[PDB]
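Okay, structure first, notes after.
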Amino acid sequence: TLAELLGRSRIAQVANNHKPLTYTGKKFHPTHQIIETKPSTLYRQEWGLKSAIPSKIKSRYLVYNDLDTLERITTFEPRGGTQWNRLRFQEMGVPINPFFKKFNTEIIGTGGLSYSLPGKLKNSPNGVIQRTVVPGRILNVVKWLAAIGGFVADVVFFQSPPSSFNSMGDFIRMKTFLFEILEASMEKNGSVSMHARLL
Amino acid sequence: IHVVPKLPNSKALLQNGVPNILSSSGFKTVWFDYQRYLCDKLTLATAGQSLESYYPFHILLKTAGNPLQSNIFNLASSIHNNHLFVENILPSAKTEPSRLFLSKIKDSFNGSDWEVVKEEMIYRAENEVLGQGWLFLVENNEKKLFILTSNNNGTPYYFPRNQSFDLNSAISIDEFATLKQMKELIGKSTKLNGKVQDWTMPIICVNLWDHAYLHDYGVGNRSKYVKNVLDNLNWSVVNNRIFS
Amino acid sequence: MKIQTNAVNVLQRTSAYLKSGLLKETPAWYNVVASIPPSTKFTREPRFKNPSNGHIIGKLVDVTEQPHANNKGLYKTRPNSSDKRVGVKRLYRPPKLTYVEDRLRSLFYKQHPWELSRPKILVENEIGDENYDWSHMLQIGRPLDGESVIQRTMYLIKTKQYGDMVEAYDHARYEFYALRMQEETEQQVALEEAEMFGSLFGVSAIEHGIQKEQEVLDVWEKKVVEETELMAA
Amino acid sequence: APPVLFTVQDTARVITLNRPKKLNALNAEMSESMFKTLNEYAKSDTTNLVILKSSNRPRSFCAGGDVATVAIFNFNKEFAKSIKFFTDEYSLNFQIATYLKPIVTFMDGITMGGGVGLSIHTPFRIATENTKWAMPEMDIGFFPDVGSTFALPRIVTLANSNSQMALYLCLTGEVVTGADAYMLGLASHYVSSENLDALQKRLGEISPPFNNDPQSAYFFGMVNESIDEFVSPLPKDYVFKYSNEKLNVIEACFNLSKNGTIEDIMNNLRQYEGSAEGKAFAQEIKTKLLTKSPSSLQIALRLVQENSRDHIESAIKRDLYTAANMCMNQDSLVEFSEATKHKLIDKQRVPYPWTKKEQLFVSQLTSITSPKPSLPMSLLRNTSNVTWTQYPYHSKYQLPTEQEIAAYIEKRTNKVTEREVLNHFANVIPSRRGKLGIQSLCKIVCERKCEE
Amino acid sequence: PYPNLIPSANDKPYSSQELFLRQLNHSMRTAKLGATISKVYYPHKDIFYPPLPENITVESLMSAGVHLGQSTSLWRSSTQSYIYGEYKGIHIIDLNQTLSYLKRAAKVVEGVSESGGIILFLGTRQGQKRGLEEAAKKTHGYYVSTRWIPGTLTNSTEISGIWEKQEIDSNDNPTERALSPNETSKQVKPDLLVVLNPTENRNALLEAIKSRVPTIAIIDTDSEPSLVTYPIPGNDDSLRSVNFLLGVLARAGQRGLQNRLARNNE
Ligand SMILES: [Mg+2]
């Protein structure tokens with residue numbers, strides 16, 4: 001019947017949610033399913049939703065709340081950013097087990113951020129990679145805070161900050177540093193707490 | 001879904017393989033099972049994504065510059081390569097090299113004969129491909145035919161993914177300087193994806209994977225298999241692959 | 001808007017024109033419309049069953065059919081005020097379609113918020129072309145996502161291999177983890193093996209993010225300096 | 001409640017069979033009420049078409065006639081009541097066949113015996129996924145009774161050039177289900193059950209465009225088109241039940257001259273060398289035909305032989321005479337009531353042991369299909385009172401026959417390709433444009449009846 | 001094949017144009033090697049390979065998104081009988097009814113094209129031009145996608161009277177006969193109007209009513225059904241759903257035209 005197909009249809013596969021699309025609080029994890037389109041469908045404003053998305057949207061990713069509203073629009077944001085954070089984490093290689101052997105709503109383990117298992121070495125043309133080096137940005141004078149790969153992490157120094165820190169001041173974020181991501185756990189709220197060290 | 005293409009004369013291919021190269025159980029291993037295995041894996045790696053709408057050549061060009069999609073690239077490469085190879089060894093869809101092909105051999109390989117270039121290809125495959133890989137005779141934008149050996153699932157179209165050097169073992173300073181120059185040229189591109197133009201196209205492709213020769217030849221004897229391949233190419237296809 | 005009369009009776013008015021002689025030639029559509037009549041009722045039609053869950057619409061349970069004490073211990077001996085109100089509106093209200101999977105789709109993405117970051121394509125290929133055996137989770141023509149888990153859960157329930165939805169859902173979850181770990185190891189090892197054979201990549205994800213942050217931060221610096229200078233004056 | 005319900009849908013009149021427990025088994029009360037009410041509707045100028053359906057919608061449309069009472073009317077020797085029963089039933093069938101207004105039959109569920117009679121004589125007969133069509137009279141010691149011997153030699157599409165597929169269906173009593181009945185031409189349209197409500201509304205709305213004559217071919221075309229609007233594609237993983245090989249088996253083995261006997265068919269079944277599986281299918285038929293009534297087999301054979309070349313009125317009269325004689329059973333030639341007792345009153349799975357095994361002589365079998373002086377009989381007059389050799393509207397609004405496919409292919413001889421025939425029968429003939437299964441039917445016919 | 005191209009000399013490399021032709025030769029032969037793609041939706045194919053009306057299923061209407069109706073807050077209750085239910089804050093259109101109405105409308109289009117009547121395809125939303133043009137060109141019909149001038153039917157003399165007209169034979173072959181000014185000045189009224197967005201085209205619907213032209217339209221959850229002769233319940237907001245229904249109607253018209261030419265060639 002039509003009802004069974006509707007229950008199995010791709011729109012039905014997206015779980016209902018009405019969280020604000022313009023949240024200004026703290027973001028620990030994704031809140032909205034990212035919707036993607038191919039170039040061929042985007043050329044025809046086709047996204048598998050009810051209504052054609054406006055031609056102004058050149059990006060191939062969006063998030064949305066309502067297919068249609070009393071305002072005769074679809075409530076959406078042309079953003080798919082949270083996928084690039086996840087992939088960047090996958091590039092770091094630092095791992096984070098409940099993935100091994102009435103309903104509980106709490107996040108299980110990592111909430112899908114990473115499925116990599118703990119103990120493995122990264123072979124390289126030099127040799128086994130002993131530690132993971134990643135570019136980052138020191139944020140503010142404070143363990144300092146660094147923007148690394150879409151995540152805010154805690155920076156610890158070998159001995160003390162260099163002169164560039166206080167030379168630049170609040171413009172310290174303009175320059176790129178190298179960090180060693182020591183470790184990465186996740187807390188109950190669902191937030192990843194990476195510990196790094198400046199180099 | 002990506003599906004294995006239907007080959008001309010499939011019944012004869014399943015009954016008697018390719019004469020002078022493969023038995024029936026060898027061609028079944030290299031095409032009717034390996035190509036199915038690869039197409040299933042590509043389908044599982046690209047289903048529900050944009051790449052599902054693209055042919056493997058377009059997939060490997062799109063994913064060539066993205067480090068995290070390498071597995072897809074590998075699949076999309078091998079599939080493509082595996083049909084470039086099979087196509088140019090199939091009995092038919094007595095073919096001989098065209099005048100243009102031999103002319104370009106004389107203008108590229110120091111005025112050498114085709115058999116001499118075949119022996120050079122045997123040697124190149126024997127040495128520079130330890131284990132799995134592909135052997136190619138490719139045409140660059142300079143109208144020059146040269147021999148290219150990729151490891152595993154490197155592609156002949158896009159030089160940053162040729163994978164012509166095995167960095168597991170020691171390399172000569174010449175190879176390291178080549179890698180440094182290619183890295184600098186990659187960095188020279190302005191496109192945000194970091195891609196480069198590369199008009200190299202394959203003329204001849206030989207599958208050096210164990211799925212091709214192991215059953216019919218053995219652990220050694222891959223040189224014999226490559227020789228049988230190059231002595232029994234489908235020259236209609238190979239001649240069509242060269243721009244007139 | 002008033003139910004219009006003159007769109008569905010074009011044949012009758014045209015035939016009046018033709019019979020009177022006001023119109024000489026019969027139009028090309030005339031015989032076609034005469035042979036294919038329009039629907040001209042435009043009625044509201046009742047419905048007696050919810051299509052999705054099979055709930056019957058428009059049944060009243062009588063007091064005779066409740067012979068047992070309710071949860072508060074009281075028998076039902078006469079109709080209540082709800083039973084005495086005519087519920088004809090429910091027969092015409094388009095029913096709300098409901099599926100247990102939606103409750104189970106909400107749970108998965110509450111337990112795996114980063115599975116929302118995996119892009120999803122809502123453009124259907126062809127719903128009729130799907131021939132899935134949900135005895136396993138991986139399907140040719142499908143991605144691995146929450147819907148695989150939930151369809152496997154529903155399959156396990158309808159075959160009674162599990163009695164409780166919770167246990168079937170947990171089993172599907174663990175199969176999903178088994179497949180995801182394999183996929184991620186495949187990706188990482190593919191990249192490692194590619195680098196070991198001289199694959200020269202350009203910009204990676206981290207460098208991509210760094211360059212976008214730089215593009216934004218240059219404009220931010222300029223605005224900050226301009227605003228500080230303006231504030232000083 | 002009354003065994004038949006009559007209702008109105010804005011111009012159509014709906015006749016609902018209303019005996020759910022007995023699966024809408026047809027009676028003389030039911031037949032008489034239907035016959036008289038159809039006689040009334042034939043005169044009404046506010047009636048455009050009649051719909052025939054069942055209240056027990058999914059399980060059954062009409063699960064045969066209620067011949068158990070006919071068998072008790074003969075255990076108590078009340079032969080006049082059996083005569084009245086068959087007179088009513090067959091006069092009703094004759095009325096439906098010759099009705100001048102469209103009749104639409106919803107064969108949603110089991111359709112057997114009297115049900116086929118109610119449904120087979122109308123140009124508009126709709127099968128659904130639930131349609132279970134059969135003609136199981138051979139095992140109760142009875143014959144194809146409802147004009148089936150007249151209809152099946154004419155309407156069946158495949159392997160029916162000499163009524164041999166009709167003979168297979170009649171003698172074996174094979175249950176033909178769903179889209180197989182549509183593809184064989186036993187049903188004229190194929191509509192999902194969920195749609196039959198909407199179709200019923202649509203059939204209640206359409207009227208003749210002007211001059212208000214619902215008896216014209218124009219209105220039959222309109223009804224055909226409105227039914228076509230509710231036909232949905234067959235499921236992708238659907239295959240016709242009888243492969244080309246089994247159709248070859250039927251065509252070879254049930255072919256006969258106009259003097260062929262059941263012994264000829266048995267010899268053909270024994271002496272078949274088609275293929276491995278198609279030779280085992282002939283053995284299956286051999287086996288199950290041996291569980292049938294020897295006398296009923298021959299009676300059905302001669303009835304098909306004569307009614308496949310006769311006109312409708314005399315064919316139905318011949319069925320009436322045969323039923324009367326079989327109930328009389330003067331010479332104990334046929335064990336009808338004795339086996340109807342066996343299988344419709346005790347529900348004994350084991351087949352009734354047919355004591356009377358003989359090859360009835362042609363004259364010993366001609367007197368069981370003829371009028372009689374000691375007991376005159378006649379069908380009841382209806383408003384049409386016409387007769388014909390071929391159906392007026394059936395061929396237009398069902399799938400084409402192999403005969404019509406051959407007529408088109410042989411008109412191009414006196415260079416054709418598959419595409420020509422498929423595109424012709426699919427696109428150009430107006431009443432059959434976009435007809436559901438033209439492509440596959442034409443492929444089957446071309447695959448097993450010509451070479452190029 | 002490729003005139004006014006000057007090849008290069010064997011000593012010197014390929015030029016940009018030679019590289020283009022070389023990679024075209026590659027693209028048509030070897031670029032598609034490795035695998036064939038199956039069961040994947042390609043947006044252009046709805047326009048160039050629309051199915052026949054008899055082959056349409058509920059599943060293919062649903063994959064096109066025809067079932068997705070307007071928000072329940074914008075419901076026009078006169079469309080109540082077309083609705084299957086509500087799901088995720090929108091009304092779902094009953095696709096069984098959509099299929100029945102679509103087959104009826106397709107048969108009307110086919111019958112009108114088979115009779116040599118004029119068919120007009122009206123759709124004024126953003127990306128509907130391609131489908132409208134192709135429907136018109138395969139039905140030998142006409143289309144508008146820019147704007148419906150009010151009075152195009154009821155004031156045809158003041159609007160369409162100046163544009164040129166043409167005599168054609170049974171095979172639709174231009175006769176190139178000279179028309180009289182009186183003949184050129186006459187109204188040439190469509191025999192069938194099909195509108196893809198009837199809510200934004202009330203002027204056209206009312207003119208068709210006054211000018212007594214039967215009309216087909218895609219009727220969404222907020223649209224008035226009684227304003228058209230042959231409604232098709234469906235989503236009028238998605239270009240995929242609109243193009244699917246339009247391609248179906250265009251193919252039915254094409255089949256009618258082919259039948260007309262067939263009998264006129266016999
Ligand atoms: Mg709308």
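Following the order of the structure tokens, first chain is A, next is B, and so on, with residues numbered from 1 inside each chain and ligands from 1 in the order they appear.
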*Give as a ChimeraX atom specification the residues surrounding ligand 1 up to a distance of 8 Å, considering only C-alpha atoms and all ligand atoms.*
/A:51 /E:69-70,197,199,219-223,235-237
Could the residues in this selection be saved with C-alpha atoms as a CSV table (one decimal), in the first residue's frame?
chain,number,residue,atom,x,y,z
A,51,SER,CA,9.4,22.0,-2.9
E,69,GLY,CA,1.2,17.8,-0.6
E,70,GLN,CA,1.1,21.3,0.9
E,197,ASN,CA,0.9,25.6,-11.6
E,199,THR,CA,-2.7,28.4,-8.2
E,219,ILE,CA,-3.9,20.0,-8.2
E,220,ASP,CA,-2.0,20.4,-5.0
E,221,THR,CA,-3.5,20.4,-1.5
E,222,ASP,CA,-4.1,24.2,-1.6
E,223,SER,CA,-5.6,24.3,-5.2
E,235,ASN,CA,2.8,18.0,-6.0
E,236,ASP,CA,3.1,21.2,-8.2
E,237,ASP,CA,6.1,22.5,-6.3
*Got a sec to pull out which chain A residues are within 7 Å of chain C, counting only C-alpha atoms, and send them as a PyMOL selection string?*
chain A and resi 3-4+7+10-11+13+15-16+29-37+47-49+82-83+88+99-100+103+105-108+111-113+115-116+123-125+149+174
Residues of the last selection are to be written out with N, CA, C and O atoms, as a short mmCIF file (atom, residue, chain, number, x, y, z; two decimals), in the first residue's frame.
data_model
loop_
_atom_site.label_atom_id
_atom_site.label_comp_id
_atom_site.auth_asym_id
_atom_site.auth_seq_id
_atom_site.Cartn_x
_atom_site.Cartn_y
_atom_site.Cartn_z
N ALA A 3 0.83 3.55 2.25
CA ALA A 3 1.28 3.88 3.60
C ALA A 3 2.59 3.17 3.93
O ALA A 3 3.48 3.75 4.55
N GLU A 4 2.73 1.90 3.53
CA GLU A 4 3.96 1.18 3.79
C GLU A 4 5.14 1.81 3.05
O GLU A 4 6.22 1.99 3.62
N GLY A 7 6.11 4.93 4.83
CA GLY A 7 6.91 4.60 5.99
C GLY A 7 8.33 4.23 5.64
O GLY A 7 9.24 4.48 6.44
N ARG A 10 12.29 7.90 1.69
CA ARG A 10 13.50 8.56 2.16
C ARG A 10 13.19 9.75 3.06
O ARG A 10 13.94 10.03 4.00
N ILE A 11 12.10 10.47 2.79
CA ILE A 11 11.69 11.54 3.70
C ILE A 11 11.35 10.96 5.07
O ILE A 11 11.71 11.52 6.11
N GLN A 13 12.66 8.49 6.39
CA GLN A 13 13.87 8.00 7.03
C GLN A 13 14.54 9.07 7.89
O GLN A 13 15.32 8.74 8.78
N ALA A 15 14.61 11.45 10.82
CA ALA A 15 13.87 11.52 12.07
C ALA A 15 13.32 12.92 12.30
O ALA A 15 13.97 13.92 11.99
N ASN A 16 12.11 12.98 12.85
CA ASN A 16 11.50 14.26 13.17
C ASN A 16 12.36 15.03 14.16
O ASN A 16 12.82 14.48 15.16
N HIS A 29 27.78 18.41 19.20
CA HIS A 29 27.59 17.37 18.20
C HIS A 29 26.52 17.84 17.23
O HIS A 29 25.83 18.83 17.49
N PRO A 30 26.37 17.16 16.10
CA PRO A 30 25.33 17.56 15.14
C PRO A 30 23.94 17.44 15.74
O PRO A 30 23.67 16.55 16.56
N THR A 31 23.05 18.34 15.33
CA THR A 31 21.65 18.28 15.71
C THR A 31 20.72 17.97 14.54
O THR A 31 19.61 17.49 14.77
N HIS A 32 21.15 18.23 13.31
CA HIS A 32 20.32 18.10 12.12
C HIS A 32 20.98 17.18 11.11
O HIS A 32 22.19 17.24 10.90
N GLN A 33 20.17 16.33 10.48
CA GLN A 33 20.64 15.48 9.40
C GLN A 33 21.01 16.34 8.19
O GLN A 33 20.22 17.18 7.75
N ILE A 34 22.22 16.13 7.66
CA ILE A 34 22.64 16.85 6.46
C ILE A 34 22.00 16.20 5.25
O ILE A 34 22.09 14.98 5.07
N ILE A 35 21.36 17.00 4.42
CA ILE A 35 20.76 16.54 3.17
C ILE A 35 21.68 16.93 2.03
O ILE A 35 22.14 18.07 1.96
N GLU A 36 21.95 15.99 1.14
CA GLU A 36 22.84 16.19 0.00
C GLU A 36 22.06 16.04 -1.30
O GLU A 36 21.05 15.33 -1.35
N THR A 37 22.53 16.71 -2.34
CA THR A 37 22.07 16.48 -3.70
C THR A 37 23.23 16.36 -4.66
O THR A 37 24.31 16.92 -4.45
N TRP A 47 15.83 18.39 -4.50
CA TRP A 47 16.46 17.90 -3.29
C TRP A 47 15.72 16.75 -2.64
O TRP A 47 16.10 16.34 -1.54
N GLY A 48 14.68 16.21 -3.27
CA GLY A 48 13.92 15.15 -2.66
C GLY A 48 12.96 15.61 -1.59
O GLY A 48 12.30 14.76 -0.97
N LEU A 49 12.86 16.91 -1.34
CA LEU A 49 11.89 17.48 -0.43
C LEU A 49 10.61 17.75 -1.20
O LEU A 49 10.48 17.40 -2.38
N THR A 82 28.98 20.04 9.63
CA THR A 82 29.38 19.07 10.64
C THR A 82 29.99 17.81 10.04
O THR A 82 30.58 17.02 10.78
N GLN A 83 29.85 17.59 8.74
CA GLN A 83 30.53 16.46 8.11
C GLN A 83 32.02 16.70 7.99
O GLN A 83 32.81 15.76 8.06
N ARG A 88 37.55 15.55 9.45
CA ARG A 88 38.82 16.06 9.95
C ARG A 88 39.28 15.25 11.15
O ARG A 88 40.46 14.93 11.27
N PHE A 99 30.61 -0.51 21.59
CA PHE A 99 30.38 -1.08 20.27
C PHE A 99 30.62 -2.58 20.24
O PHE A 99 30.56 -3.18 19.16
N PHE A 100 30.88 -3.20 21.40
CA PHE A 100 31.12 -4.63 21.50
C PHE A 100 30.19 -5.21 22.56
O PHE A 100 29.83 -4.54 23.52
N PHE A 103 13.82 1.78 26.62
CA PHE A 103 14.84 2.31 25.72
C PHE A 103 15.62 3.42 26.41
O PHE A 103 15.06 4.23 27.14
N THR A 105 18.02 6.72 25.96
CA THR A 105 18.22 7.80 25.01
C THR A 105 19.63 8.37 25.05
O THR A 105 19.98 9.22 24.22
N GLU A 106 20.47 7.91 25.98
CA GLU A 106 21.80 8.48 26.15
C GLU A 106 22.69 8.09 24.98
O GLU A 106 22.55 7.01 24.40
N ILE A 107 23.63 8.98 24.64
CA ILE A 107 24.59 8.69 23.59
C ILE A 107 25.35 7.42 23.93
O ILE A 107 25.76 7.21 25.08
N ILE A 108 25.54 6.56 22.94
CA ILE A 108 26.23 5.29 23.12
C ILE A 108 27.67 5.46 22.65
O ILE A 108 27.91 5.74 21.47
N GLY A 111 29.20 8.90 19.58
CA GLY A 111 27.92 8.93 18.91
C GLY A 111 28.04 8.85 17.40
O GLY A 111 27.34 9.57 16.69
N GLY A 112 28.91 7.97 16.91
CA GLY A 112 29.20 7.88 15.50
C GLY A 112 30.31 8.78 15.02
O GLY A 112 30.55 8.84 13.81
N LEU A 113 31.01 9.48 15.92
CA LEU A 113 32.10 10.34 15.48
C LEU A 113 33.25 9.53 14.90
O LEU A 113 33.80 9.88 13.85
N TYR A 115 34.77 5.25 14.61
CA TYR A 115 34.70 3.83 14.87
C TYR A 115 36.08 3.18 14.87
O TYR A 115 36.17 1.95 14.86
N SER A 116 37.14 3.98 14.86
CA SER A 116 38.50 3.44 14.88
C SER A 116 38.81 2.84 16.24
O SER A 116 38.45 3.41 17.28
N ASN A 123 51.88 3.49 9.51
CA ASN A 123 53.10 3.37 8.72
C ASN A 123 53.21 4.54 7.76
O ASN A 123 52.21 5.05 7.25
N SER A 124 54.44 4.99 7.52
CA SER A 124 54.66 6.11 6.61
C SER A 124 55.95 5.88 5.83
O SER A 124 56.74 5.00 6.19
N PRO A 125 56.19 6.63 4.75
CA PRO A 125 57.48 6.50 4.05
C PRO A 125 58.67 6.75 4.96
O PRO A 125 59.70 6.07 4.82
N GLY A 149 41.03 21.55 13.65
CA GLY A 149 40.21 20.65 12.86
C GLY A 149 38.74 20.68 13.20
O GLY A 149 38.10 19.63 13.22
N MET A 174 45.34 34.50 14.24
CA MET A 174 45.64 34.70 12.83
C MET A 174 46.75 33.80 12.31
O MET A 174 46.85 33.64 11.09
#
*From the DSSP assignment of the backbone, select every residue of segment 67-207 of chain B that is alpha helix (DSSP H), and format the answer as a count of residues only.*
59
Find the residues of chain D in contact range of chain A, meaning any atom within 12 Å when counting only C-alpha atoms, and list them as a CSV table (one decimal) with N, CA, C and O atoms, in the first residue's frame.
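So the final result, stored in out_26.csv, reads:
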chain,number,residue,atom,x,y,z
D,192,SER,N,-6.6,-4.0,-9.1
D,192,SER,CA,-6.3,-4.4,-7.7
D,192,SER,C,-7.6,-4.2,-6.9
D,192,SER,O,-8.4,-3.4,-7.2
D,193,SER,N,-7.7,-5.0,-5.8
D,193,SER,CA,-8.9,-5.0,-5.0
D,193,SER,C,-9.1,-3.6,-4.4
D,193,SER,O,-10.2,-3.1,-4.4
D,194,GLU,N,-8.0,-2.9,-3.9
D,194,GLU,CA,-8.2,-1.6,-3.3
D,194,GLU,C,-8.8,-0.6,-4.2
D,194,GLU,O,-9.3,0.4,-3.7
D,195,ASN,N,-8.7,-0.8,-5.5
D,195,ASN,CA,-9.3,0.2,-6.5
D,195,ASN,C,-10.7,-0.1,-6.8
D,195,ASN,O,-11.4,0.8,-7.3
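Residue nearest chain C within the list B:59, B:105, B:135, B:185: B:185 [criterion: smallest interatomic distance, only C-alpha atoms].
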*asked:* Select, as a ChimeraX atom specification, those residues of chain B with any atom no more than 10 Å from chain A (distances computed using only C-alpha atoms).
replied: /B:48-53,67-68,166-170
Could you save those same residues with N, CA and C atoms as a short mmCIF file (atom, residue, chain, number, x, y, z; two decimals), in the first residue's frame?
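Once written, out_16.cif looks like this:
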data_model
loop_
_atom_site.label_atom_id
_atom_site.label_comp_id
_atom_site.auth_asym_id
_atom_site.auth_seq_id
_atom_site.Cartn_x
_atom_site.Cartn_y
_atom_site.Cartn_z
N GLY B 48 23.94 5.59 -2.20
CA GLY B 48 23.44 6.65 -1.35
C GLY B 48 24.28 7.90 -1.35
N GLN B 49 25.20 8.03 -2.30
CA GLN B 49 26.06 9.20 -2.43
C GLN B 49 26.02 9.68 -3.87
N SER B 50 26.63 10.84 -4.10
CA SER B 50 26.65 11.40 -5.45
C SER B 50 27.36 10.47 -6.42
N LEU B 51 28.46 9.86 -5.99
CA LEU B 51 29.30 9.07 -6.87
C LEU B 51 28.56 7.90 -7.51
N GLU B 52 27.42 7.49 -6.95
CA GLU B 52 26.69 6.38 -7.55
C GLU B 52 26.19 6.69 -8.95
N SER B 53 26.11 7.96 -9.33
CA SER B 53 25.62 8.31 -10.67
C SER B 53 26.73 8.36 -11.72
N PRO B 67 42.16 12.50 0.01
CA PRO B 67 42.83 11.38 0.69
C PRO B 67 41.89 10.37 1.31
N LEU B 68 40.77 10.81 1.89
CA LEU B 68 39.92 9.90 2.65
C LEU B 68 39.07 9.01 1.75
N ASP B 166 57.60 2.44 -5.35
CA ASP B 166 57.37 1.71 -4.11
C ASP B 166 58.21 2.36 -3.02
N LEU B 167 57.56 3.08 -2.11
CA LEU B 167 58.25 3.75 -1.02
C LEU B 167 58.40 2.87 0.21
N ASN B 168 57.91 1.63 0.16
CA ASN B 168 58.18 0.68 1.23
C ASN B 168 59.66 0.34 1.31
N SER B 169 60.32 0.21 0.16
CA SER B 169 61.73 -0.09 0.06
C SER B 169 62.50 1.17 -0.33
N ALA B 170 63.82 1.05 -0.34
CA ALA B 170 64.67 2.20 -0.63
C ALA B 170 64.44 2.69 -2.05
#
Hey, which bits of chain E sit within 9 Å of chain D, and for each residue what's the closest pair of atoms and how far apart in Å (one decimal), counting only C-alpha atoms, rows by chain and increasing number, as CSV?
residue,atom,partner,partner_atom,distance
E:52,CA,D:434,CA,7.9
E:53,CA,D:434,CA,7.5
E:54,CA,D:434,CA,5.5
E:55,CA,D:233,CA,5.7
E:56,CA,D:233,CA,6.9
E:57,CA,D:233,CA,6.3
E:58,CA,D:232,CA,8.4
E:96,CA,D:195,CA,7.6
E:97,CA,D:198,CA,8.3
E:99,CA,D:230,CA,7.9
E:100,CA,D:229,CA,5.3
E:101,CA,D:229,CA,7.6
E:102,CA,D:229,CA,8.4
E:103,CA,D:229,CA,5.5
E:104,CA,D:229,CA,5.9
E:107,CA,D:229,CA,8.8
E:255,CA,D:427,CA,7.4
E:256,CA,D:427,CA,8.9
E:258,CA,D:428,CA,8.9
E:259,CA,D:428,CA,6.1
E:262,CA,D:428,CA,8.4
E:263,CA,D:428,CA,9.0
*Got a sec: who's within 7 Å of residue 156 of chain A, counting only C-alpha atoms, leaving out chain neighbours fewer than 2 positions off, as a list in words?*
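Answer for this query is residues 143, 144, 154, 158, 196, 197 and 198 of chain A.
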Residues of chain B within 9 Å of chain C: nearest atom pair and distance (Å, one decimal) for each, counting only C-alpha atoms, sorted by chain and number, as a Markdown table?
| residue | atom | partner | partner_atom | distance |
| --- | --- | --- | --- | --- |
| B:1 | CA | C:141 | CA | 5.3 |
| B:2 | CA | C:141 | CA | 8.6 |
| B:40 | CA | C:140 | CA | 7.2 |
| B:43 | CA | C:141 | CA | 6.4 |
| B:44 | CA | C:140 | CA | 6.2 |
| B:45 | CA | C:143 | CA | 7.6 |
| B:46 | CA | C:143 | CA | 7.4 |
| B:47 | CA | C:143 | CA | 5.1 |
| B:48 | CA | C:143 | CA | 4.9 |
| B:49 | CA | C:121 | CA | 6.7 |
| B:50 | CA | C:121 | CA | 8.2 |
| B:52 | CA | C:141 | CA | 8.8 |
| B:64 | CA | C:201 | CA | 8.2 |
| B:65 | CA | C:201 | CA | 5.6 |
| B:66 | CA | C:204 | CA | 6.8 |
| B:67 | CA | C:191 | CA | 6.2 |
| B:68 | CA | C:187 | CA | 6.4 |
| B:69 | CA | C:187 | CA | 7.0 |
| B:70 | CA | C:191 | CA | 5.6 |
| B:71 | CA | C:190 | CA | 5.2 |
| B:72 | CA | C:187 | CA | 8.5 |
| B:74 | CA | C:190 | CA | 8.0 |
| B:150 | CA | C:197 | CA | 8.9 |
| B:151 | CA | C:197 | CA | 6.8 |
| B:152 | CA | C:197 | CA | 8.5 |
| B:153 | CA | C:194 | CA | 8.9 |
| B:154 | CA | C:199 | CA | 8.5 |
| B:159 | CA | C:199 | CA | 8.9 |
| B:160 | CA | C:200 | CA | 5.1 |
| B:161 | CA | C:199 | CA | 5.0 |
| B:162 | CA | C:199 | CA | 7.2 |
| B:163 | CA | C:198 | CA | 5.1 |
| B:164 | CA | C:198 | CA | 7.0 |
| B:165 | CA | C:197 | CA | 5.7 |
| B:166 | CA | C:197 | CA | 4.8 |
| B:167 | CA | C:196 | CA | 5.3 |
| B:168 | CA | C:196 | CA | 6.0 |
| B:179 | CA | C:198 | CA | 7.5 |
| B:182 | CA | C:200 | CA | 7.7 |
| B:183 | CA | C:200 | CA | 6.3 |
| B:186 | CA | C:202 | CA | 6.2 |
| B:187 | CA | C:202 | CA | 6.5 |
| B:189 | CA | C:202 | CA | 8.9 |
| B:192 | CA | C:203 | CA | 7.6 |
| B:193 | CA | C:203 | CA | 6.6 |
| B:194 | CA | C:202 | CA | 5.0 |
| B:195 | CA | C:202 | CA | 7.1 |
*Shortest interatomic distance to residue 239 of chain B - which of B:99, B:106, B:180, B:80, counting only C-alpha atoms*: B:99
